[PDB]
Amino acid sequence: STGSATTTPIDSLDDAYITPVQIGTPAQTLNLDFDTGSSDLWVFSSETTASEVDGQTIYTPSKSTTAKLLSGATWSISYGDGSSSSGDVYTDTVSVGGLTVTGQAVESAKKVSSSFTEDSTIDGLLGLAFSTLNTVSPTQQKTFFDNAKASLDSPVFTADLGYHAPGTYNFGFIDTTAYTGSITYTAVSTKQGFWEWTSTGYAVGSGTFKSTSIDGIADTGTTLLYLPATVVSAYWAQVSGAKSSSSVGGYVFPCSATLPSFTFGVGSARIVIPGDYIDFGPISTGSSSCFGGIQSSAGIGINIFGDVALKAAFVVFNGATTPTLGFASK
């Protein structure tokens, strides 16, 4: 089997991407944030504290003839950005782009943090990291991909995120029309539960390539590109007037700037992030100071190849017995 679904930016900055997901019988369609950095499929629901729901579409398990309470199971998750959610668990039928999993754990939120409430466009998350990170207790549950994998034509999914435009998540096949050149595959460590890999270096604009190993994670659920402070300083030094602002929370730059591109290495291959992908717009409405899309990972504890990087590529998440990651230009 295969599946194919369009993923759409939630706003004009590509702050996140939402993908429609069918849950239950009859189907209830929720728009979920596909997150290769976590491993829980959780949704706003009829159980979510009413004051914490503000415009989201909810899953109502009592209206699904295939929903079953997973007795005694609870979940609770905290994300790198400080947000969190928790609740109880159902199993139900879940379909993405025509690919169906029966008995998928659907984690129903009883509580969500303010950041989730305040984002009316995201109805929940669909985790695509390794199932070892799943938070369900006392019996850990599998991700949608892990459940689907054996049925897929090939044990893979691909992320093809758009810049200020829709893109695609495919399951079970590689669309050879969706990229240019070849896909370069690179090793993955699953030791921390992530799609963790090592970039071979970087360049800023038309500058020379610096060969240096950068360990990090391919994370569709993180907006920006978080890299070591040395790398980030080298990038922003090429933008007149750019500075790191402790008050704002990172590098800012004059909105009048033309940003240089940023290249990262995948083996001997190179992925070029155009400068415009690194512009996250005014820090506050009407400001002429703009927020940068490349930020320091110092004090995160891990480098993160978030959407800024991934949307410059066609990315293969290869879930073979020994997982790997593939990157192609597009």
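This text goes with the structure placed above it.
> Go over the nonpolar core with me, naming the residues and quoting the values.
The biggest cluster of nonpolar side chains holds 68 residues, and the ones touching the most others in it are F171, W236, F262, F264, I273 and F327. In terms of residue count, the dominant contributor to this core is helix α3 (residues 229-236) (4 residues). If you count residues domain by domain, this core takes at least three from each of domain 1 (5-174) and domain 2 (175-330). Beyond its immediate sequence surroundings of up to four residues, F327 is in contact with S182, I183, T184, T186, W197, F264, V266, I271, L310, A313, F314 and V315.

> Go over the sheet that holds strand β20 (residues 289-292) with me, naming the residues and quoting the values.
The strands that make up a sheet pair up through hydrogen bonds in the backbone, lying either parallel or antiparallel. If you walk across this open sheet you meet the 4 strands as β15-β16-β20-β19, and the pairing is antiparallel. Of all the strands in the sheet, the pair left with one neighbour each is β15 (243-245) and β19 (279-282). Neighbour-to-neighbour, the strand axes of the sheet open up by a mean angle of 40 degrees, direction not taken into account. Taken together, the 3 bridges between strand β16 (residues 250-254) and β20 define a ladder with antiparallel strand orientation. Counterpart to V252 in the pairing with β20 is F291.

> An account of the state of the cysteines is requested, with residue identities and associated values reported.
Evaluated as defined, the whole model comprises 1 disulfide. Residue pairing for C255: its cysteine sulfur links by disulfide to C290, the two sulfurs lying 2.0 Å apart. Disulfide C255-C290: the torsion about the S-S bond is 110 degrees, which places it as right-handed. Remark: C290 occurs in strand β20 and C255 occurs in the loop between β16 and β17 (262-266); sequence separation between them is 35 residues. Using a relative accessible area of 30% as the deciding quantity, one classes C255 as partly exposed. Using a relative accessible area of 4% as the deciding quantity, one classes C290 as buried.

> Residues and numbers for the packing of aromatic side chains, please.
Aromatic rings in a pair are described by how distant their centres are and how their planes are angled relative to each other. Applying the stated criterion to the full structure yields 26 aromatic pairs. Measuring from centroid to centroid gives 5.8 Å for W42 and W75, while their planes differ by 25 degrees, and the two rings are stacked. Of this pair, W42 sits in strand β4 (residues 41-43) while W75 sits in strand β5 (residues 68-78), and the two are 33 residues apart along the sequence. Its relative accessible area of 3% is what places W75 among the buried residues.

> Can you tell me about the pairing of strand β13 (residues 210-218), naming the residues and giving the values?
Looking at chain direction, strand β12 (residues 196-204) and β13 are connected through 6 bridges and run antiparallel. Note on β13: the bridge partner recorded for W197 is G216. Taken together, β12 and the strand that follows it, β13, pair antiparallel across an intervening segment of 5 residues, in which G205 is found at a positive phi of about 55 degrees. As paired strands, β13 and strand β22 (residues 303-305) are joined by 3 bridges and run parallel to one another. Considered in β22, the bridge of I217 is made with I304.

> Can you tell me about the side chain of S108, naming the residues and giving the values?
Along the polypeptide, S108 turns up in strand β7 (residues 99-112). We classify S108 as buried; its relative accessible area is 0%. The contact partners of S108, leaving out residues within four places of it in the chain, are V43, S45, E47, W75, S86, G87, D88 and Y90.

> Kindly report on the pattern of salt bridges, identifying the contributing residues and their values.
Counting across every chain of the model gives 2 salt bridges. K311 is paired through a salt bridge with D14; the nearest N and O atoms lie 2.8 Å apart. Of this pair, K311 sits in the loop between α4 (307-310) and β23 (314-318) while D14 is found in the loop between β1 (3-9) and β2 (17-23), placing the two residues 297 residues apart along the sequence. The residues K311 and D14 share a single accessibility class, namely buried. A salt bridge links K330 to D160; the nearest nitrogen and oxygen atoms lie 2.8 Å apart. Of this pair, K330 sits in the segment after β24 (324-328) while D160 sits in strand β9 (residues 156-160), and the two are 170 residues apart along the sequence.

The rules behind the values
Residues numbered from 1 in each chain as written, not as in the entry; some residues may be left out. Heavy atoms only, no water. Residues with missing side-chain atoms left out of burial classes, pairs and counts. Core = buried A, V, L, I, M, F, W, Y, C linked by side-chain atoms within 4.5 Å. Buried < 20%, exposed > 50% of the residue type's maximum accessible area, 1.4 Å probe, protein only. Helix = DSSP H or I, 4+ residues; strand = E, 2+ residues; numbered from the N terminus. Domains from an automatic or database assignment. Contact = heavy atoms within 4.5 Å. Pairing = 2+ DSSP bridges. Axes fitted to C-alpha atoms, helices over the stretch in contact; angles between N-to-C directions. Disulfide = S-S within 2.5 Å. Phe/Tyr/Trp six-rings, centres within 6.5 Å; stacked < 30°, edge-to-face > 60°. Salt bridge = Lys/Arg side-chain N within 4 Å of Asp/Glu carboxyl O.

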